[PDB]
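Let me begin by presenting the structure, written as C-alpha cells, before commenting on it.
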Amino acid sequence: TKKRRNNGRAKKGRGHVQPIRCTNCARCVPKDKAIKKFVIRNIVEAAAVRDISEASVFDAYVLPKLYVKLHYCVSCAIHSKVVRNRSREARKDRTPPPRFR
Amino acid sequence: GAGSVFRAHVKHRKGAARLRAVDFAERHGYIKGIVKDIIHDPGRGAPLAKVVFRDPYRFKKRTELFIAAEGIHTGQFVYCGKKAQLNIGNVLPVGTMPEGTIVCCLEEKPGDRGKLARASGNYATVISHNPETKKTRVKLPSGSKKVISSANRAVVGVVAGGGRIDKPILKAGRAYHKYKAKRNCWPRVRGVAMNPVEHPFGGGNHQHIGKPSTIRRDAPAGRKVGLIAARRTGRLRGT
Amino acid sequence: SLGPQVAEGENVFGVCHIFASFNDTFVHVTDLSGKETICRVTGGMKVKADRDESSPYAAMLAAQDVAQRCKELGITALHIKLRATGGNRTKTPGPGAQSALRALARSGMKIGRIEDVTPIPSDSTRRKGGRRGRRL
Amino acid sequence: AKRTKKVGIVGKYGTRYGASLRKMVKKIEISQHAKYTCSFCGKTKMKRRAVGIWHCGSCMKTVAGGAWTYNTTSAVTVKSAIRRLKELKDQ
Amino acid sequence: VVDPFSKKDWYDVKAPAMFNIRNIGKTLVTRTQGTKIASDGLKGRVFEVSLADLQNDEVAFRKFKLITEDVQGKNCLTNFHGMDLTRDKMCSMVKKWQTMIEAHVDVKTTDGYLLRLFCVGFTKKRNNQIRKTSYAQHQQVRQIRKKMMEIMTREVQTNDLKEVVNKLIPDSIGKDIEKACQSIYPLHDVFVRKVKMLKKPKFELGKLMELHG
RNA sequence: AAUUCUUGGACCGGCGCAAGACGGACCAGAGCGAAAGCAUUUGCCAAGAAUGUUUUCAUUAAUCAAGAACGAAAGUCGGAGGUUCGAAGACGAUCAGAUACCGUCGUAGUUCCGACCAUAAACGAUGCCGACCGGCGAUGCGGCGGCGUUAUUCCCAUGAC
C-alpha cells in the first residue's frame with residue numbers, strides 16, 4: 001500500500017546520501033529526509049531590548065543576531081510541534097505557511 | 001651468561017661496523033668515496049658494505065664498513081661531510097639535514113662513530129630544532145625521543161635486510177643454526193623444570209611456581225628472576 | 001584596590017566570558033586580554049537545589065553579586081563574549097544568557113561589544129548518543 | 001598434468017608444521033627464490049644470494065634490498081620522500 | 001589573613017603608529033616575589049580589540065590582535081599577531097543559492113614576518129535577473145581561486161610588514177579582486193577573512209621604537 | 001537523584017605543544033558512476049556520456065543456459081595505529097521483577113596497508129533493446145538564432161544578465 005509518491009526524502013539521482021545528527025536527540029537521519037529550520041535572532045528579543053539602550057556606550061549602536069541551523073528527526077519534529085500530521089490532498093501543499101508578523 | 005663457555009662466537013664474522021672518523025673534511029667541507037662491495041656478516045642478519053675513501057694526507061686508499069642502507073648498489077658514489085647532498089647513503093650532520101627525512105647508523109656523542117639504529121629494519125627520525133643551545137630531538141625505535149647534540153650524524157635511508165621477523169622458523173634445527181652462529185644460549189630449560197637447589201621456582205609434587213613471578217628491583221642475584229620491577233601484568237589491551 | 005584614573009571622564013573597560021549551558025549558570029569577568037580573573041561567580045554558589053541552579057532566577061542571583069564585588073575595585077564598562085554549550089552539542093544559548101546580561105544593565109554597569117563565541121566545528125568527532133537516538 | 005591442488009613449494013613439507021604455517025610459508029618461499037629484472041642492464045636475472053643482498057649475474061652489479069623481496073615497500077616511498085625534501089630546501 | 005587585590009599595581013597599554021588611537025587599556029600582574037618578575041610574565045598577551053574604538057568612526061566588523069613583545073615601565077608596548085572578521089558579520093553573508101569561493105596562501109614579507117592569509121568571495125545576483133540561483137561552473141571558479149591567490153602575494157611579497165597592515169584597515173586587497181574578477185564571473189562580497197602569523201624574526205629592541213616614533 | 005571528578009587547585013579564563021578522527025554552513029526533489037557509491041587546495045595519469053560532423057567501415061547488431069569482473073554495514077587472518085564514539089562486562093537509578101529505556105566508565109570494534117567473505121527493504125518493493133499516443137512551468141550539459149544593459153576601455157570576441 002502506497003501513501004507518498006516521493007518517499008519521505010528528496011533524492012532522484014543518487015542511490016545513497018550522507019547522514020546528519022538530530023539536534024534534539026542524536027539520531028542519524030538522511031540529509032534529504034530531515035526537517036530543517038533556520039533561526040535569525042538579535043541577542044535582545046522583546047523584554048531585554050530596553051534596559052541596555054539607556055545604559056550603553058556608543059552613540060547610535062546595533063547589536064548582533066544569532067544564527068542557528070536546526071535539523072529534526074520526524075518524531076522530534078512532531079513532538080515539539082514544529083509540524084503537524086495532514087489530510088490526504090492537503091498533504092500535497094509544499095506551499096509553506098505565511099510569515100507576515 | 002657472565003663468561004667462559006658462553007662468550008660470542010667471533011671467527012667467520014666479517015668486521016666491526018662503524019662510521020668514518022671525523023676530520024677537517026667532514027668538519028669544514030666534504031669528501032667522496034666509492035662503493036666496492038655489499039657483503040654478508042654472521043651473528044647479524046643484515047648486510048655490511050665496504051667503501052674505498054682515499055686518504056687525504058698520504059697516498060693511500062682507506063676502507064670502511066658502514067651499515068648498508070636499502071637502495072644502495074655497487075659502483076655508486078657516496079659524498080659526505082657538513083655540506084654533502086641529502087640523498088641516499090650520503091652522510092651529514094643532523095645540524096644540517098631537514099625535518100621528515102629518515103636516518104640509519106646515527107650518532108649520539110659528536111664523533112663517536114655511530115651507536116644507534118643499525119640492526120635490520122630500524123630508523124631514527126628528526127623532529128625539531130633549537131640553534132641557541134645547538135640541540136636536536138630524535139624519535140628512536142622505542143617511541144621516545146632523545147635530545148641530541150646537533151653536530152652528530154647519520155647515513156640516510158632505512159637499514160638493509162628488512163623484514164626478518166616475518167617468516168615462521170619452522171623446524172627446531174633452523175633455530176639451532178640461527179643460535180649456533182651467535183652464542184651458547186638456546187634449547188632453553190624452564191625454571192620450574194629444576195630441583196629445589198637448581199632454580200627457586202621448581203620443586204615438589206606438581207609443576208607449579210608458588211611465589212608470585214614479580215620481584216623487587218632491589219633484590220639480589222639468585223632471586224631477581226622472573227618479571228623484574230613489573231609495572232603491570234596480564235594480556236595487554238587498549239594501548 | 002585603587003586604580004589611578006581621570007576622575008571625570010574615563011571608565012575602565014574589561015571582558016566577561018558568559019557561559020550558558022542548560023545545567024548551570026556561569027559569569028567570569030577578566031582583563032582586556034582575558035588572561036587574569038577578577039570576579040567569578042556561578043548559579044551553584046547562590047542557589048542550592050540540583051534542578052534549579054541554572055534557572056533564570058538562579059542566573060540573576062549570581063549577576064547582582066558579580067556587580068557588588070565588581071563596584072568595589074571600581075569597574076564601570078565591559079566587553080562581552082557570550083556562549084552556548086557548543087562543540088558537537090547544542091549551539092542555541094541556555095537560560096542564563098539574558099537574565100545574566102540584563103541583570104548587570106540594572107546593577108550599575110555599562111554594556112559594550114557583544115557577539116557569540118560558541119565552539120563550532122568544520123567537522124566533528126562522532127557525537128555521544130547512538131545511531132538510534134536517545135530514546136524518551 | 002597438475003600435481004598439487006593447493007600446496008605451492010610446500011609439498012616439500014608434507015603433513016608437518018600445521019595448516020596455517022604452511023600457508024604462511026607459501027607467500028615467502030615463492031618470492032625469495034624468484035628472479036627480477038635488473039633495471040641497470042634490463043635482463044631477467046636478479047636473484048638473491050643471502051639475507052637481503054642481491055646480484056645480477058650478467059652485469060655483475062650488486063644491490064641491498066629486503067630480506068625476501070627486492071624492494072622493501074616503504075623504502076619505495078623512502079626514496080620518494082627524500083627526493084621530495086630535495087624540493088623544500090633548494091628553492 | 002590576606003587580601004589578594006593589594007598585590008596588583010595598575011600599568012598601561014599602547015598601540016602602534018599605523019592605527020589611530022594610542023591608548024587601549026590597562027592590565028594587572030603580581031610583584032617581584034618568591035622567584036618571578038612583573039616584567040617577565042607580562043610579555044605575551046593578546047588583546048582581541050576591534051577597529052571602531054581604535055579609530056574615530058569606522059566599519060566595526062574587522063578586529064585585530066596586539067601582543068606585548070616589549071615592556072617600558074608603567075607602559076606595555078605592542079607587536080603584530082593577527083586579524084579576523086566578526087562572527088555575526090560573516091554568518092550573515094553565507095546564503096543559499098550562490099557559490100562561495102575560499103582560497104589561501106602562505107606568503108612572507110620582506111622583513112622576517114611570515115603570514116597565512118585567507119580569502120572569500122560570493123557570486124552576486126544582478127538587478128533584472130529572473131534566474132534563481134546564481135551558480136558558477138568549476139572551471140569558472142578555479143580561475144578566480146588563482147586570481148585571489150595571485151593578487152594576495154603580489155601586494156605582500158615585495159614590501160614589508162609595516163605596509164601590509166595599512167592595506168587591511170578598510171580592505172585594500174579586498175576591492176582590488178572585485179575589480180579583476182568581473183570579466184570571469186561577477187562576485188561582490190570580497191574579503192580577507194582571517195590573517196594569521198606563523199613565525200617571527202628575532203627580537204631587536206630598536207626595531208619596535210620607529211613604530212612608536 | 002546517585003555512581004563519578006574537586007584546597008592533592010576540579011570547572012570557567014590564557015599563551016604554548018601533541019596526536020588520532022571528521023570535512024559544518026555554501027548543499028538544491030542540482031551533478032557524475034555499470035551497481036554498491038562519490039564533497040578540504042594544488043600537481044599529475046589513464047578513462048566517460050552528451051552534443052557537433054556534406055569525415056571512414058559497410059550489417060559488423062539485440063537478448064542470454066554454462067563460465068567470468070565488481071559488490072554498503074557487520075564478520076575473519078597478520079601487521080601499522082589507537083582521539084571520539086562504542087556490542088561484551090562492571091556499577092548508579094527505575095520497577096511488584098528489568099539481565100530494557102536513561103546515567104558513570106569501558107573491551108572486541110570504530111581509522112590505515114595487505115588478502116578472505118558475497119549478503120541487505122542491494123527499492124522505483126516496478127527486466128533490457130525497439131515503435132507509437134496529449135498540454136504546460138521549471139531545470140542541467142551541448143549546439144544554433146536574436147532586441148538591449150554590464151565587464152575587460154580601445155573595442156575585436158570572449159565571460160556575466
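Numbers here mean position along the shown chain, with the first residue as 1.
Per the header of the entry, the method used was electron microscopy, 3.2 Å.
A Cβ is built for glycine as well, from the same backbone N, Cα and C atoms used for every other residue.
Copied over from Swiss-Prot:
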type: MOD_RES; residues: E:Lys14; note: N6-acetyllysine
type: CROSSLNK; residues: E:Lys14; note: SUMO2 cross-link
type: MOD_RES; residues: E:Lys36; note: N6-acetyllysine
type: MOD_RES; residues: E:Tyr135; note: ADP-ribosyltyrosine
E:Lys36 (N6-acetyllysine) to the residue listed as 'ADP-ribosyltyrosine' - Cα separation in whole Å: 60
Residue among the modified residues E:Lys14, E:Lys36 whose Cβ has the most other Cβ atoms within 10 Å: E:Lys14
Distant-in-sequence Cβ neighbours of E:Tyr135 (ADP-ribosyltyrosine), under 8 Å, six or more positions away: E:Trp97, E:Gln98, E:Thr99, E:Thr123
DSSP state at E:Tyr135 (ADP-ribosyltyrosine), helix/strand/coil: coil
Helix, strand or coil at E:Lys14 (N6-acetyllysine) [DSSP, three-state]: strand
